[PDB]
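Asker: experimental coordinates follow, after the sequence.
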Amino acid sequence: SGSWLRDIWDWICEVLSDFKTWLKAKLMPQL
């Protein structure tokens with residue numbers, strides 16, 4: 001039934017979401 005610390009990836013993915021949006025805007029060239 002249980003596989004592993006699947007929910008554990010949310011502690012890093014949920015907190016790194018704001019960091020991704022900030023980088024996605026800085027990496028986007030002129031459009």
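Answerer: Happy to help now that I have it. Numbers count the residues shown, from 1 in each chain.

Asker: got the CA coordinates for the longest helix along the chain in PDB?
Answerer: Taking DSSP state H as the criterion, the chain has its longest helix at helix 16-27. Coordinates of each C-alpha in helix 16-27 appear next as PDB, following Å, rounded to 0.1, in the frame of the first residue of the first chain:
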ATOM      1  CA  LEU A  16      10.500  26.000  -4.300                       C
ATOM      2  CA  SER A  17       7.400  27.200  -6.300                       C
ATOM      3  CA  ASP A  18       7.900  30.900  -5.600                       C
ATOM      4  CA  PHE A  19      11.600  30.500  -6.400                       C
ATOM      5  CA  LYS A  20      10.700  28.900  -9.800                       C
ATOM      6  CA  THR A  21       8.300  31.600 -10.900                       C
ATOM      7  CA  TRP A  22      10.900  34.300 -10.000                       C
ATOM      8  CA  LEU A  23      13.500  32.500 -12.100                       C
ATOM      9  CA  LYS A  24      11.100  31.700 -15.000                       C
ATOM     10  CA  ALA A  25      10.400  35.500 -15.300                       C
ATOM     11  CA  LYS A  26      14.200  36.500 -15.200                       C
ATOM     12  CA  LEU A  27      15.100  33.700 -17.700                       C
END
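
Asker: burial count for residue 23?
Answerer: Residues lying near residue 23 (other Cβ atoms under 10 Å) number 11. In this view, the C-beta of every residue, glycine as well, is placed from N, C-alpha and C.

Asker: quick one: it from residue 13, how far?
Answerer: Distance of residue 23 to residue 13, given as Cβ to Cβ, to the nearest Å: 14 Å.

Asker: re the thing from before, which residues are contacting the longest helix of the chain?
Answerer: With Cβ atoms under 8 Å, 6 or more residues apart in numbering as the test, helix 16-27 has no contacts from any other residue.

Asker: now it: how far from the chain's centre is it?
Answerer: 9 Å (Cα atoms, centre = their mean, to the nearest Å).

Asker: equivalent analysis for stretch 16-31, please.
Answerer: Mean C-alpha position of stretch 16-31 versus that of the full chain (Cα atoms, centre = their mean) differs by 12 Å.
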